[PDB]
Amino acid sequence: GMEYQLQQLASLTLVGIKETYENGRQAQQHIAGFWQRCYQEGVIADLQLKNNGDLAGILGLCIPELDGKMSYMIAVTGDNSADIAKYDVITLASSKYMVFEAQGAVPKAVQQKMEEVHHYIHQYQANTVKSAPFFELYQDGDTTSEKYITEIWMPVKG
């Protein structure tokens, strides 16, 4: 079902790498490959060394762009300093969130759930959702498992 938990975050510093796609659907078709490349290059290992634990996992941050484009940033919550400048180092502004769970193999289960979440918001949270970045949060585990849990954090007003 579309059960969620309300959570709130202070403003966070996110350190990572961003890719911008033409729109939401083209993003879905490139995101797995983007994760594969970051893994292959050692970017994931490097970001995990910077992970300060503010969020327990690594983020797939979805950044709706003003011109209709969709950016995806692979990132971790980190501390700010000159070092982080090699990567993109941005502030995710404080917000309340509805936090959903996708259970299943990454990326298919996450993209299925994300589609359900957008639909749920489109029907039932039209005037409560915020136009701000939203994210997938990945804990360690076996992401190929049909039992793997990914959190989906959608910003809401309040």
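Counting begins at 1, following the sequence as shown.
Checked against the record, the higher mean CA B factor of 53-61 and 122-130 lies with 53-61. In this crystal structure, the stretch out of 19-27 and 142-150 whose C-alpha atoms carry the higher mean B factor is 19-27.
When the C-alpha B-factors of 48, 111, 36, 94 are read from the PDB record, the largest value belongs to 48. Highest CA B-factor among the listed residues (117, 99, 89, 102): 89.
When all modelled residues of the chain are sorted by CA temperature factor, residue 71 is found within the middle third.
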